[PDB]
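Let me begin by handing over the structure; questions about it come next.
Chain IDs A, B, C and D follow the sequence of writing; residue 1 opens each chain.
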Amino acid sequence: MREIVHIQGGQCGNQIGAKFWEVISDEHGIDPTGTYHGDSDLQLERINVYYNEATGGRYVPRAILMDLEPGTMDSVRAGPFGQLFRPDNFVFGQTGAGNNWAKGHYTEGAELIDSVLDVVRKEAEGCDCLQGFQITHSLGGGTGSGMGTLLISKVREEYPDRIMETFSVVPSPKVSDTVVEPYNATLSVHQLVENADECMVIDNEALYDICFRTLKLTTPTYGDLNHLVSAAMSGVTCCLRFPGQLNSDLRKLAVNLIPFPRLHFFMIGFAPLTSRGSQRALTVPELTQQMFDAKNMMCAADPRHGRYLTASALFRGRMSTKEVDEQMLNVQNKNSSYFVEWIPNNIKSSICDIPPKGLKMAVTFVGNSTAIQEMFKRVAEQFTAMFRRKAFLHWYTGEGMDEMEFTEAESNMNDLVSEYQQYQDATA
Amino acid sequence: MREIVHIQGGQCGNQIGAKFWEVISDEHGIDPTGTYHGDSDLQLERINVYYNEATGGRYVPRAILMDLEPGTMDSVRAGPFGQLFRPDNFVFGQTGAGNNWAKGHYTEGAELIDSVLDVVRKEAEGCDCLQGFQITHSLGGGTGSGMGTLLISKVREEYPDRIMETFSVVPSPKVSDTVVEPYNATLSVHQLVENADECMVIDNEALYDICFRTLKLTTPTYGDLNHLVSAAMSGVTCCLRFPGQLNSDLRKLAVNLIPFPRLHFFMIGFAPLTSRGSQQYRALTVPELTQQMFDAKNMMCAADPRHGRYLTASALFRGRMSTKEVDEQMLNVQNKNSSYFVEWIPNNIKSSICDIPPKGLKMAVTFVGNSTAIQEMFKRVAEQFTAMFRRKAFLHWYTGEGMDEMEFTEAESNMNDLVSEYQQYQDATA
Amino acid sequence: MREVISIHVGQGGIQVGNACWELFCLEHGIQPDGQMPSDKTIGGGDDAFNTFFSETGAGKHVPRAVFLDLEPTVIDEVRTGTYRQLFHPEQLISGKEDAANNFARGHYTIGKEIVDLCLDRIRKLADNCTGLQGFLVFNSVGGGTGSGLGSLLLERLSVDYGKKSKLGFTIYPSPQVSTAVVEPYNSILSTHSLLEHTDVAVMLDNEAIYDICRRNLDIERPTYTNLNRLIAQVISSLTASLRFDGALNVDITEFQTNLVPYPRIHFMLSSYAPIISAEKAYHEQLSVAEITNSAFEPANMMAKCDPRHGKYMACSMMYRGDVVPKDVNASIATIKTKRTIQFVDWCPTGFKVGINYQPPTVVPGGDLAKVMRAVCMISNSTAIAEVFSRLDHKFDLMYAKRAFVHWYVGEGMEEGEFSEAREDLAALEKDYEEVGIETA
Amino acid sequence: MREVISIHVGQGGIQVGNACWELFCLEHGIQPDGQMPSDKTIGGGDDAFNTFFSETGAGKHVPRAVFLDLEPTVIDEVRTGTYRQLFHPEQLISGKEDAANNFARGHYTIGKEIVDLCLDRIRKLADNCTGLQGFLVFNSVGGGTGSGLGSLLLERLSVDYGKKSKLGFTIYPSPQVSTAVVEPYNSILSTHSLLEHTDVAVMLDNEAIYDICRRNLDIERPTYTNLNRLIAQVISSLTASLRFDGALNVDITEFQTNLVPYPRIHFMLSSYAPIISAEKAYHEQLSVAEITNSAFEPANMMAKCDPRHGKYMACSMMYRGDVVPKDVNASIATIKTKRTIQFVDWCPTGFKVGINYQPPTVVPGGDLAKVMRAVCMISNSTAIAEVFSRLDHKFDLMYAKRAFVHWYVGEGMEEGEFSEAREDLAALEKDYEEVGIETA
């Protein structure tokens, strides 16, 4: 058991989910029509963690694909493994948020969520014991951000003890593909910091950098950027799905990644990713080097500027636990500056005997750092310049939001940036 | 272990490296696709010294191919055994140094080195015990001289204890294949003498002389000149890779070759080299090879050891030779060359024996000689540099990149101090 | 389902319309009869059209568009045209007598008779529509019908339909080249109405687009029909996201949020970039990074405002074809770095991007090259103020003399309405500088 | 990737250009359509062309070259030519009225209208280029356009592009043979502008190259088209290192560092050595050591300065073909030993060398023999002063009478600009002796 309900919210989320449910299906041997065609019996022992077994022996993603735009259904249906998802779980409006947090939270979004919650309640109860959820949603748009945070708020008031996981794409200043991104993200994080257990921040800026440097892609599309996010999304919740020489799960990660309740923003980074030409010896030390390289982190903020409050590696395949441990120790002795003085033995470890398909060894890193400040200051500085003049504010005001919200959102976000900075400079 | 990280910096450096990594692959029996197809198990016992074992039983050179010109990648890929080198290790700029030390040291090359250091650190950390580095660069060009000296400064600050060996092509006045060579080379030696443990000065003039006299080549190309440099390069670090009746290594040579820290310029030379139509008449014996290694002709430096006096020397004999016979020859030479051997520090010549010969040879020798003759090659660069700097010619390029006239004067002063110190230990009687 | 009602008012409106519906018909594969040929043995382009055409249920697709004129000649040309059997007869509404370049005729005397019949037609079209996105409107603000009735429509549409977005494509008279003497009077009276009742107003000046034809298409003698074809390609590219699948989808409701930072500032410019004669297409790379730079060229703007004077308040880049979002990224990033392109302080991120896979269609007999990439940038610039100041200057010369007022006053417009209008446009060009001012 | 923008200004510039692009097209295997035929079943000469031609992505390679003329005739001959479909229509910029051998027309009156359009074309080409090596420029300092606009370009390029090297191949009027009477006036006004804004200026006098055609090619009656072909072979040999693989590679950024010892001394000569009629190619050995000695012949210099008067400040020997660096070695060494060849005390290590394996291409209908070796020596010589002193003497005869000034003054050149120019060239020929003086 220890089941997980996935909610892929917004055009961003529905695409990340689409690729994630392809990736996870390959690992469990599930074909696009839902039938099992796997060669190892290990692939079905813990399938129930993510799937609900249907009649005729079909397997169905515990996936609730929410949006306010009915055009994104035609996207996730068109995709291969689009026939996996339950049509009752699809919950789609008509108008769309219009990259407007107010519209996706206070008006247009506030009229759909009551339909979504009924579906969340339905798939949450069907599980014998619920480990938690794993929402996937951008903080950049209105649908993903607005509904995402409103849902996250609702499901927390109902299920307080269960783990609210959130793989969220933060708006990078380099890309800046929407103008009102700052307003959305600033209102988003205000809600997330209160009502999410752990929030793995992702950036398109960092995902493009991994595709142009770590990998060497000539044309990186949003499908390839998704394909990285999924590999990590698999790695964070693996030890649930497969045996381990040392097991883990979401709650175990949270208990060892979150020193204090408001510091639950993390940088995810998948280790064995290499350029197809440059194919390198595949050993634990070679993988430990790349996951701790400030190039590999899927977050614009380079850890080097900050300091790791704590870390967590979830190693995959058949590796000596001694060799892993040795490398985790070694790393903390090199980077004496990049590991908080108090809380010694900062880095957690985890082993999973089953590797990802077409690889002998892999890793998945998760690092709560005071660097993550440096991606929320960008959103702050931007948002401030806008809000000095009350630019694009008549949209959000018009959907029944007050100027009191936008100010407390800046207040609450500046308090976060205050809190991390405290623990960086703190010497004990 | 005792692993060696190679950095082949600048066009000249890369092309030497190319030939070098072909030469070492033959001895270790690695095929151009990185597979071992050797017959002897001795060929893989110590392979880790030069190659890091990749997955699927591929062997990858521990080479960091740096340049500021992207065209040099195409040339090292084009070469046979060009696939060996790992693609991540290749670090290349766009503009190029422009035969300018400054551009390659202070500006363009100053940007790239941060990327190279990250690769250097990576390959250096992979080694359980790093012996040191073998940097192959030209003092004459901009890239090899500029980045080479800047990298050498950087690696030494991070890794002080680890040996820093350099095979450097010094610009020869005969060739003078660049106008601003004197400036590049003067600014180079200043950086090298402070940060290089043992520098083996190579010269194109001498290599051509070996090709027109010792060997009889109708058309000696930069291919053939590189082949000789490579042949020696193997010799200097063999007793690492193979067994010996008497074992040596880079640090051992350094310990016995460098009397005082600033005198680490040496003349390399390979003994068994013969003209192809003069091989019948020649008999391959220890005395015959000892005669050729101490012949001023054989040395890959312009300066004849006859003018100077050997502060020391080192021979690294190859194959199955009686150590007694070797020792008899090394003694005999020293009695013959009374004047050419320094009065103080007697038994000047060191000898190392390695059991495994080079391919298609029964015996071989590699010679490394710290002499006061090497001075004479640096005087050429000083005389040529001064003349240019008297008037501040071609200086505005170097000044343009943001180097100051103070740097050019301190480079000349430091090289003049080297020249004085060798002349001290030549003239000195004790 | 992504439905858009198109309201074509006045000659300029209808004739632009004709060119738009040629392009749409070709894009969705609708023939002049209004029956798509059922080919590829699958409904592959099925529901694409539902944006612009309504399936009759008998295999006949009808454009969701009301063509309105007070003059019978322009609408008659449509009725005696190739697309006579495409447009629903009732949708093609006619008047007996034209407004004759007088706002007043169009707003009171003649317009009030016809507007009643038009709204009924819009209601019938809005009933068929399920989740309507917005009202595209096409009116010339130089001419009577487009100014007068076209303003009266928007007022009435704002009360009846309320929220539903009204994107107005307006042909503001170019200052150097003017077709009629009384244009300034019409333009100003139209702008005051338009300033309140439209959500986003995309400005297009004929002279500017005339200069683009001479420069990019290399035609010595451009016509309106050549011009209308470039206008169509812009409209196609804007709505494209709805009709055709894309990586980063936009909507008509999105521009609204992402382009107008204050309610009154809803005036915009536009610049479709890869306008290339098939002659010079041979020799052009036409990479994304070039198309973007070509969009932000001061010359390639379809309204004749030089944006180097102004500051970009927001930009909405809408890419079509072999476009990679990584390639778009660098292109914007280099534009953000440029000096010539200047952004307001208060817009720290001022790019909405939209990436469609569908490349733009090459209309036969059409002055363009078949190109694998494109972009339509709708930009809110502080430079727009310059066009309004010229139309205010050109007007203030009049109404000093009371130069043509007797016409307007005779047809039911009180004289104080002119003074009102000028005062409100003077209040706009006050606002456009105030937002242009750096943060205090 | 080794990109070189070629700016061809004035008749001489364009007509030299044509000959250069015939050679470049033949070298890389580009046909007149602009499509290389994909043969050898591998891209073997792939990326060789990226120096000079930009792949459009459709299999058509476009020259990275702007052909500029204030006169329409010369550029029209290119448009109605074999290579009409090779050159981008916009790259081939035209004017309506020529400068008419008046710098002032080219610098102020006419040139200021066209330069705006050219810089836009250079920016579009520079955007396509990734790691541009430099700007090759071809002007005639005898003529108006090449002197006037060609100077105005270089000024504007120096501010806009900054560091990127500007190597100028200039056709300075030979003293004995002059085509126009007002040449000295143009030349001097051009040289003052060129003295500051170019990095390396390679001087070529027509008469000198005419003599080479009569002496080496054994043609009784040489034309400009025969001359232009020899100019192309030099330019080909200089940029060769980029385009084709070599043992000792050079680059356009190197010569800069290895030829100009002081900023104002950037004037150079040039000598391509194995210029041989196929008739006498039978009787010759053509070893490297003969080609080198044939490069330092006082006659083979393409500018008519006799370098035996001067001292070689620097030399850049650029070999091509069956060249061994050991053979080059002995050749330079013997030259360094010769008495006739004299070097400044302050450059004792003369002679930069570059060795390419690629042999030069034999153009069909071309007055040359297919030869397995070559060399292009660009030399900084104190002998250059002689050419400048003759152009100063020939000018000082004028402006004593104020002989033609009325034209230049009538077109917006203040009379004091002539006096300024002469004083600055008088200051150059002071500098050239000062460096020539032996060390103190």
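By our rule, a residue touches a chain if its C-beta (ideal position, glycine included) is under 8 Å from a C-beta of that chain, and two chains touch if they have at least 3 such contacts.
Steps from subunit A to subunit B, minimised over paths through touching chains, total 1. Centroid distances from subunit A, each centroid being the mean of CA atoms, peak for D.
Inter-chain centre distance (subunit B to subunit D, centres taken as mean C-alpha positions): 41 Å. Put simply, the C-alpha centre of subunit A and that of subunit D have 60 angstrom between them. With each centre defined as the average position of its C-alpha atoms, the distance from subunit B to subunit C rounds to 72 Å. Across the assembly, subunit C contributes no residue in contact with two or more other chains.
Contact topology of the protein chains: cyclic, one closed ring where each chain has exactly two touching partners.
Annotation, chain-chain contacts: A-B, A-C, B-D, C-D (touch as defined at the top).
Interface residues of subunit D facing subunit C in the complex, by the touch rule stated above, are 34, 54-57, 60, 62, 85, 87-91, 124, 127-128.
Interface of subunit A with subunit C (complex): residues 11, 69-72, 74-75, 78, 94-96, 98-100, 142, 171, 173-182, 208, 211-212, 219-222, 381-382, 385-386, 388-389, 391-392, 394-395. Residues of subunit A that touch subunit B in their complex: 275, 277-278, 280-282, 285-286, 289. Those residues of subunit D lying in contact with subunit B across their complex are 1-2, 130-131, 133, 242, 245, 247-249, 251, 253-254, 256-263, 313-316, 324-326, 328-329, 332-333, 336, 344-353, 435, 439.
Contacts from subunit B toward subunit A in the complex involve residues 52-55, 86-88, 122, 125-126.
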